[PDB]
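For reference, the structure discussed in these notes is given below.
Each answer follows from the model by the rule given with it, or from the source it names; nothing here is a laboratory result. Note: ideal-geometry Cβ built from the backbone for every residue, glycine included; neighbour counts use all protein chains shown.
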Amino acid sequence: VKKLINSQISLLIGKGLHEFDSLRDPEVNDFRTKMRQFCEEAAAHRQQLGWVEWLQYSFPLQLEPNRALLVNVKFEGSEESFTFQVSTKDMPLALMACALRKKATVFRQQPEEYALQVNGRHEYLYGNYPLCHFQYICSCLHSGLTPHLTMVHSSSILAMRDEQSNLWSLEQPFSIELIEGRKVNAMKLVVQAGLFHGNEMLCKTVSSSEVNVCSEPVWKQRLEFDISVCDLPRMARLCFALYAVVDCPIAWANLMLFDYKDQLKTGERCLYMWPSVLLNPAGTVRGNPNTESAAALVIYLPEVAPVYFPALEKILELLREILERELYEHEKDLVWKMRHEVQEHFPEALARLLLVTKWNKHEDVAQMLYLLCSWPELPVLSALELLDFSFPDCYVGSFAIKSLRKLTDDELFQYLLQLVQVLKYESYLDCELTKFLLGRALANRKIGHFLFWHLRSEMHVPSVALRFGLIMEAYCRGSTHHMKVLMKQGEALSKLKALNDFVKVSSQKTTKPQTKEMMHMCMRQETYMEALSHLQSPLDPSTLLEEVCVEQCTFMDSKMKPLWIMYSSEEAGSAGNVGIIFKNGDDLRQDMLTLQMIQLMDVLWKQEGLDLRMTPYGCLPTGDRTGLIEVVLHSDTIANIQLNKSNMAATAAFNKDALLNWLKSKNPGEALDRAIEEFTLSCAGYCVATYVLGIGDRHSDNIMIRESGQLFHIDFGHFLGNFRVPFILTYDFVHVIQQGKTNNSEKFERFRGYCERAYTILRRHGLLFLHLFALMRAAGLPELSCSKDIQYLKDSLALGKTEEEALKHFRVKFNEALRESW
Ligand SMILES: CC(C)n1nc(C#Cc2cccc(O)c2)c2c(N)ncnc21
């Protein structure tokens, strides 16, 4: 059985556990040891949780950032239900007392024993919050549906919990021996090295002699460095580039100069190199695993007598403000002199001072650290900054995790994406960020859910395979039940990948009706119906994907021929009628990120009382150029609506009418105004989000509308202006805002306000978006690479100007956009 588990993990994580031993690497060993233990202690705790505490682990609350409503409640072991009238202000408990009072009458005769389930979902309503505060009641009110819930008893939830059981001496210059290499090229070879502490180098770089592009090369030279050894900061990273010349790059490689156990390194090292596009401090510090086909440099670290980085005990012994909101040489000096007054009077300026400290003078690091040890904790926003590669020092990083523990789960969920990329910044395997992420992930099943997919989705990337594999194993050890649930998911994705391949081939030999019919047959096979049914949606674990409606599944006509898969649930009703789209052949990362940034805007907007009726649909990469998109139902592209067909509700005299005629046929009588309002509001959000993010190549095929009026965008392969992308106002939306009328500045100008509010709200959190993109640089995304891309955001938010100017500027942009509307 111990064998079984091991083998299911191997299958889950897409790499086999045997490959971890094979390496004969004790760092991997220790990581595997320490992390298993830690994780197992987390599951121990979980099986003693109170029933309510268990619910908070497994089904965390889905909350919003007087008036009457109708609710259906029912009990578990019965089909009989009651419909109570209540107030949106009422707590869940009030409902639960109704229900039981009704039960005790029809059945002829204790609220807190209970939680309410959303029917057909992994979703529960509990806590002291007005019904209307829950996303589910909230949502129910817009669409006009009546919430449906089930009284679940404490014994029934405990039954669930149950089921789920498992030093200063050395003053001479630093040097290595460059010895030999083993690749091929066209013309002379040369090497280049520099000692880096993150971005900043710690001395001028040095070089090789010229060696003809021959071998198999052999240098046997001490490369000597412009820095004394006793100065090397703890996170000294030594970086090599190998290229050729008469500039043509070939390979790079980095290593940490101390091992993971603080011991400085000697003697000889063989270096398996990574392929080129010249010196790459940001690259990983682990060798290329394709040792067969890769160039391997050999070097010799010269045993300097063991030696350890000194323990913290030892380190403990050993016109200001105007600039303080990129500073000159002297400006830096003042800051450093004032460092105690910075700690005492401006603790939030920690970062600007870290960047002034002299990472290549050991004495100064010792003093900086000495301050950091009594530095007050910082706001979440400031902590997010300290995580950047600009702050390699492990003592700073630890302080940043410390400051970040106060992240709520919802906040944590919000920035999870970037915290995983940051892992790519880590120099060793056992690190503060990992324990944190795994700890928080073992405390919340939703966090656990997404950490795992973020990790699984990158197992094809050689530079991260081992790091991520090791983490997913650890999670598994501390959550056997959840591992079974995710295999269920991966098994489904496995089938879609085979089904999607069939469809690509098929669709090149035959007609779309013919191919759809074969898909349906292939899906009807026992192995498929079994693998595609009765799972949690990898896009949102609280969504249950029950029986797949084969007759309703099909495929899109785009290049990669993505799949459209529908699902139903008798137990959830019309709420269990959800759909997912499988796509294989494209990078979904960029789209995912884009979608997370919109969702965040909507959060920030909502927090200031502005609801722009956004449609933040799920989009989740799962594997190599594979992942999942959420089906938004009851929607159609602008392009389709505008085909202006015959024998349709919507055919007018003028192509400009069609889209409004469409809103009309979906919304009879009085209800047309609501839809125009939902259209106007969402239209403003998308105009701002696309403008702020530099998204372009909007056109009527990749914009959609829901029957409610809500407009939203799909298919984002381009942001940050990577084809200055102008703000866009499309004439036919403008026509819808203006309720069909030629002139209507009352409706058109309310629309401008929506835009200006939305825009100015995001400037207030400009720095949260700058920090988040700074951390996304670790993703390797082609369109998020250098400083020019972040500048793009600097300029779109006018984050350097006062709010008078930015708003004035924005107003010129919007006007310009109007000119372009006919
Ligand atoms: C109607 C078609 C065009 N369509 N396409 C939809 C879609 C997509 C998508 C989103 C981001 C990236 C990407 O490549 C594709 C879609 C959806 N999500 N919900 C409802 N209908 C949808």
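Points worth noting:
- When residues of the range 260-281 are limited to those that are outside any strand (DSSP E or B) and of a type in the set (S, T, N, Q), the one farthest from residue 393 (Cα to Cα): 276
Residue by residue, here is whether (1) more than 16 Å from residue 733 (Cα to Cα); (2) part of a loop (DSSP other than H, G, I, E, B) holds:
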{"residue": "640", "(1), (2)": "no, no"}
{"residue": "653", "(1), (2)": "yes, yes"}
{"residue": "659", "(1), (2)": "no, no"}
{"residue": "665", "(1), (2)": "yes, no"}
{"residue": "673", "(1), (2)": "no, no"}
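- Qualifying positions in the range 679-699 - part of a helix (DSSP H, G or I) and small (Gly, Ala, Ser): 682, 684, 685, 689
- Among the residues of the range 227-249, the ones that are farther than 26 Å from residue 428 by Cα and part of a strand (DSSP E or B) come to 5 in all.
- The helices (runs of 4 or more DSSP H) found entirely in the range 282-351 include none that carry 3 or more residues being closer than 26 Å to residue 422 by Cα and not hydrophobic (A, V, I, L, M, F, W, C).
Residue-wise test of (1) in contact with a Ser or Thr (Cβ under 6 Å, 6 or more places away or on another chain); (2) farther than 30 Å from residue 497 by Cα; (3) buried (at least 18 other Cβ atoms within 10 Å of the Cβ).
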residue: 627; (1), (2), (3): no, no, yes
residue: 633; (1), (2), (3): no, no, no
residue: 637; (1), (2), (3): no, no, no
residue: 640; (1), (2), (3): no, no, no
residue: 647; (1), (2), (3): no, yes, no
residue: 655; (1), (2), (3): no, yes, no
residue: 662; (1), (2), (3): no, yes, yes
residue: 667; (1), (2), (3): no, yes, yes
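- Flag if residue 116 is among the aliphatic types (A, V, I, L, M), outside the structural domain of residue 569 (by CATH) and crowded, with 18+ Cβ neighbours inside 10 Å: yes
- Every residue from the range 701-720 that is away from the ligand (no atom under 11 Å from the Cβ) and outside any strand (DSSP E or B): 707, 708, 709, 710, 718, 719, 720
Residue-by-condition table, conditions (1) closer than 28 Å to residue 692 by Cβ; (2) within 10 Å of the ligand (Cβ to nearest atom); (3) in contact with a helix residue (DSSP H, G or I) (Cβ under 6 Å, 6 or more places away or on another chain):
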position: 580; (1), (2), (3): no, yes, no
position: 583; (1), (2), (3): yes, yes, no
position: 615; (1), (2), (3): yes, yes, no
position: 624; (1), (2), (3): no, no, no
position: 639; (1), (2), (3): yes, yes, no
position: 653; (1), (2), (3): no, no, no
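- Qualifying positions in the range 626-637 - near the ligand (Cβ under 8 Å from one of its atoms), more than 24 Å from the chain's Cα centre (by Cα) and either of a type outside the set (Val, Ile, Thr) or in a loop (DSSP other than H, G, I, E, B) (or both): 633, 635, 636
- Criterion: out of contact with any helix residue (DSSP H, G or I) (no Cβ under 9 Å at 6 or more places or on another chain), among the charged types (D, E, K, R), within 16 Å of the ligand (Cβ to nearest atom) and not in a helix (DSSP H, G or I) - qualifying residue of 587, 591: 587
- For residue 398, the requirement of being surrounded by fewer than 22 Cβ atoms within 10 Å (Cβ to Cβ), within 23 Å of residue 32 (Cα to Cα), of a type outside the set (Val, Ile, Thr) and more than 20 Å from the chain's Cα centre (by Cα) is met.
- Qualifying residue in the range 684-702 (condition: crowded, with 19+ Cβ neighbours inside 10 Å and over 27 Å from residue 793 (Cβ atoms)): no
- The range 553-574: number of residues that are on the phi < 0 side of the Ramachandran plot and either away from the ligand (no atom under 13 Å from the Cβ) or surrounded by 18 or more Cβ atoms within 10 Å (Cβ to Cβ) (or both): 13
- Candidates 723, 733, filtered to the one that is of a type outside the set (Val, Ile, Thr) and either within 16 Å of the ligand (Cβ to nearest atom) or buried (at least 18 other Cβ atoms within 10 Å of the Cβ) (or both): 733
- Residue in the range 1-59 that is surrounded by the most Cβ atoms within 10 Å (Cβ to Cβ), counting only those that are of a type in the set (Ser, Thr, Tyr) and in a helix (DSSP H, G or I): 58
- Residue list for the range 791-822, filter: farther than 17 Å from residue 417 by Cβ, aliphatic (A, V, I, L, M) and surrounded by 13 or more Cβ atoms within 10 Å (Cβ to Cβ): 797, 798, 799, 806, 807, 817, 818
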